[PDB]
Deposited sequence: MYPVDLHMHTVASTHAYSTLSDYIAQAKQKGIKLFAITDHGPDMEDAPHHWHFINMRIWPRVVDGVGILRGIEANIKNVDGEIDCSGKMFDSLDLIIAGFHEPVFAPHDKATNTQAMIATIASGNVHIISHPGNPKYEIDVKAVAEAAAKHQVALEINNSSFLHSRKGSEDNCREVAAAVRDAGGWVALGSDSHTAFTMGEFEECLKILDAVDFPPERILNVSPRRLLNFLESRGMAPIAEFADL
């Protein structure tokens, strides 16, 4: 799969690669399109919000590889709010969101569920990262269904309840997104384990965002993103 949608740079000290490391690795591993999704600013060991605002300066294409500007936002509360400002939204192409302890501590199932669904229903998010995380128990079918209705993808995460999530998305009719959640560029694009989960449930290839750059970019346009001309040839 020549698209990877979820990775981290030194903007967090618990990651260790830069933008240039990811471009170089993509070139080496035949990746044509990727997104940098640093942790949102309310998280501990996450960058300043300006880190997201100033991504508007990034080149679109380097050595043939397209680059998407993203964030892995933190879900803050049962209202589905995330630590992403309007100014931040304007600079970004890809909005991923998910549960991280220091921002949202695992609560009762029903709380986690309502907070995830509200985030999905908000219209402000493209992808929920690692919803299969055992630390945050949720009603999977209810989430998948909400995700299908609001056209949000549920992540199947390599770094990483994922079979349940995958079969759920299969039946609800939604999108699955694949993400390495790389904290170094060495695991970029590495989905072997994700792939097994999907095979074990016979997931339809037609609903994997990562199959091609164009399929992923079509999805972002369906969600309201103005087309990115520099990406036409991908």
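Novice: Pop the missing stretches of the deposited sequence into a list, counting residues from 1 and keeping sequence order.
Specialist: Deposited residues absent from the model fall in 1, 162 to 171.
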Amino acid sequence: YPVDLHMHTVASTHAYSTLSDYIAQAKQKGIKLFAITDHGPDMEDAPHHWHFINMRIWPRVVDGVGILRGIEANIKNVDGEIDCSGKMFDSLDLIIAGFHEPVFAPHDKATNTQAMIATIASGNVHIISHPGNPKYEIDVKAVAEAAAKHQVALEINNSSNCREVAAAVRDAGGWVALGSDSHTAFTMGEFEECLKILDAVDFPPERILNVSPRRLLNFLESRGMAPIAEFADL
From here on, numbers count along this sequence of modelled residues.
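Novice: According to the deposited model, is the average Cα temperature factor higher in 129 to 137 or in 88 to 96?
Specialist: Here the higher of the two C-alpha B-factor means belongs to 129 to 137.
Novice: Tell me which stretch, 116 to 124 or 97 to 105, has the higher mean Cα B-factor listed in the entry.
Specialist: Taking the mean B-factor of the alpha carbons in each, 97 to 105 is higher.
Novice: Taking the values straight from the PDB record, which of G66, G40, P204, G173 has the highest C-alpha temperature factor?
Specialist: Of the options given, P204 has the highest CA B-factor in the PDB entry.
Novice: Per the PDB entry, which option out of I57, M188, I197, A35 has the greatest Cα B factor?
Specialist: Comparing C-alpha B-factors across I57, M188, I197, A35, the maximum falls on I197.
Novice: Among the chain's modelled residues, which third holds the C-alpha B-factor of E81?
Specialist: Highest third, going by the recorded CA B-factors of the chain.
Novice: Could you tell me which third, lowest, middle or highest, the C-alpha B-factor of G70 occupies within its chain?
Specialist: Its C-alpha B-factor, which the entry lists for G70, ranks in the lowest third among residues of this chain.
Novice: Within this chain's modelled residues, let me know which third the CA B factor of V211 belongs to: lowest, middle or highest.
Specialist: Its C-alpha B-factor, which the entry lists for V211, ranks in the highest third among residues of this chain.
Novice: State the tercile, meaning the lowest, middle or highest third, of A147 with respect to the CA B-factors recorded for its chain.
Specialist: Its C-alpha B-factor, which the entry lists for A147, ranks in the lowest third among residues of this chain.
Novice: Among the chain's modelled residues, which third holds the C-alpha B-factor of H49?
Specialist: Ranked within chain, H49 CA B lands in the middle tercile.
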